[PDB]
Structures are given as structure tokens and as C-alpha cells.
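Just so you know, structure 1 and structure 2 below are the same protein chain in two forms, each on its own as C-alpha cells.
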Structure 1
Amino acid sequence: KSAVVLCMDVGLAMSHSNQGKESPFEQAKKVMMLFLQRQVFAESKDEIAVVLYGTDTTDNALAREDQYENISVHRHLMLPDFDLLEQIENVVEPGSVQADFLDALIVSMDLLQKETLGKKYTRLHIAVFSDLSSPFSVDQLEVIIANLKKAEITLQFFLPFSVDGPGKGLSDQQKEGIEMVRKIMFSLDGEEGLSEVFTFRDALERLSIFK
């Protein structure tokens, strides 16, 4: 069995819809739902946790004073189930704030470290869903990268654009986020790491097996 954290940006900017089209939030939710549906249908043994960042509430083991705010553990590590599908589909909504992505990653790693203690997992994995529109502190990257490698946690990113034609009007913050994603994934697995960054559209096409 594996352990997977779905680390989903639900911050305010995720709710923006281009001309009524689907917002990044709805696109990310659809990818998460297709993944969870396949896991449940197959009776997979993998355990799935869900961390949301950008929530109006704060609920996580690291939260103190003004640290790790607006990050919430929606589902601790366990088998996915029909309750989770209903919650992701019909309960989870966008927040009205932004949270720091790297703090959400730290919360996700800490959750995996704590909740896999004394258990046997083949792999530990974190999947990030975001549009990279909000700021983060680049200095804490060194510790995060080191801890990911020590813990043998692998990463995937799911975005509304490629990390490599017509430009998409990306903000300077989104471009900085792109550089951060490339830095993390390259440190973790070189050039192959960069191929673990996907668009929502590509992921939906791969995962849309129920029709």
C-alpha cells in the first residue's frame, strides 16, 4: 500500500472563472474526484489524506499563533470512501484568503511522517493542485527539499498551465511559482522530475475512465 496526500489550493484566486469557464478550483476538484473514484472503485489499499490551503478556518498540527494559518486537514490518512467523495464534491468550497504553499507542503509532510509511524508503505506521495497565484517564502525551500528526500516522499504538481505558443497572462507571482516548482522537482528527480508536472486538462483526459 501507498500513502498519498492531496494538497489542494482552495485560496480565493482559485475561484476566478475566465468568462464563466471552469475555475482552477473546479478543475482541480474534478481531477481529485476522478482519482478518488478510481481508488474507491478498485478497492485499492492506498491511504489518502487531503490538506486544503487557503481555507477560512485553520486546523492542523503545526498551527500556532500566526503560523500555518488557513491550512486545514480535511481528511487524515486512511482508505478513501464514499463520505470523502461526497465531501470533496459537494462540501469543499473556495476560501476567501490565500495561504502559503510551502507551509501547506510542510503540513502535508508532517502529517505523512506522523500518520505512517509504525506502518509499512511502499511509497509516500504528495500531489499539489494550484494556480500558483499567491506569494510564498522561497527561503524555506532548502529544508523542505532535504526533508522530502530523507523521507523518500515523491511529488506531483497539477496546474492550469504548463511549466514550459500563446501566453496565458501569468502574473509575476505565477511565474515565480513556476520557477519554484521546477527547482523542487529538479532537485528531487532531475529532468524526469519535470515530467511529473501536469496540466488539469491532461490529467482529466488520463483519469476520465468512467465516462
Structure 2
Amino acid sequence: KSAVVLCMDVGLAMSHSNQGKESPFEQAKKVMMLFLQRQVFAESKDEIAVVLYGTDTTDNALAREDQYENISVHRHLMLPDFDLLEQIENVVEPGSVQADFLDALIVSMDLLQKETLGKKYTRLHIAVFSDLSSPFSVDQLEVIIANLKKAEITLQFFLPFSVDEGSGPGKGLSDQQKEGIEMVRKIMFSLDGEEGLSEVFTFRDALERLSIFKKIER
């Protein structure tokens, strides 16, 4: 059994609808719903948590004055069940603010650390869905990375646009998004070198890649 956190950006920028027929928020929610439906119908034993960042309210164990704001734990580390699909397609609404994705990553790591205590897993995994529009602080990032390594948590990033060599003409990414892309690459290379950079995907590939990974003895 895997332990997986779906760490979903629901910030205001995700609502802006200008490619295709669906906003980044709608695309990401659709992927999440399809993934959870597959897991339920297949009676998978993987446990799946859901953390939202960019939510108007705050609900997480680390939240205090000016810390880990606008991050909400929507689903704890449990088996997905039929009843959750309804719960997801009702309490996943777009937020009106932005939040710090490294704060959201820490909340997700803390969730895994507490809720995997005393149990055996094939892997511990965090999958981030975001357009990287929101500012973030790199304070103590080196400790975040150290702890990801120590706990043997792997990371995957899913973005609504390509960033690889075939990405083609420019997509009008903001400087903040370009900074977010660069920091994602630094994090993934810190964790697994060139192979980690390969774990940055688009929304279009997310449903299928969420299941694929390299086995590492724990």
C-alpha cells in the first residue's frame, strides 16, 4: 500500500479560464476525481489524503498567527471510499487568495509523518497540482529537503503547461511562475538528480503518471 497526499492549488489564479474549455482548477479537480474513482472501483489499498492551499479558511495542525495560512486538510490519510468522491466534488471550490506551496508541502509532510506512524508502506508520496502563480518563501528549504530524504518521501509536480524542451512557443508565464518552475527543478534535482527533473509533468499526463514510480527498498 502507498501513502499519497494530493496537494492541490486552489488559489484565485487557478480559476482564470483561458485555455481550452476548463480552467486549471477545473482540470486539476477532474484529474483528482478520475484518480479517486479509479482507486475506489479497483478496491486499491492505497491511502490517499487531500490538502488544499489557497483556501479562504485555514484548517491544519501547524496553523498559527501568520504561519501555514490558507491551507486546509480536506481528507486525512485513509482509504478512499465511495463516500469521499461526493465529499471531494462538493468541498473542493476555488479559493479567493493565494498560499505558499512550500508551507503546503510542510503540512503534507507533517500529515504523512503523523498518520503513517507504526505502519508499513511501499512508498510515501506527495503529488502537487499548481500553476505556480503564488509567491513562496524559501526559508529553511534545506531542512524541508533533508526531511523529505530522511522520511523517504518522493515528490511529483503537475502543472497546467509544459516546461520541457518541446514546450514550444512562449505561454506568457509570469516571472513568479518562472521562479516557481526553477525552484521546483532545484527541489527535484536535490532529491533525485536528473531523474527527479523527469517527475515534473502536465495535467494531461497526471492521471496515468500518478501510478508509475521506481521501487526503492525501505
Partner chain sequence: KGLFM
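All residue numbers here follow the sequence of structure 1, with the first residue given the number 1. Whichever C-alpha set is largest while still superposing within 1.5 Å between the two forms counts as the rigid core.
- Between the two isolated copies of the chain, the form deposited with its partner chain bound corresponds to structure 1.
- Relative to the superposed rigid core, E89 undergoes a CA displacement of at least 2 Å between the two structures.
- With the core held fixed, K21 shows a CA shift of 2 Å or greater between the two structures.
- Here the two forms are laid over each other by their core, and the C-alpha of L79 is off by 0.3 Å between the two structures.
- The rigid core superposition between the two structures gives a CA shift for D202 of 2.6 Å.
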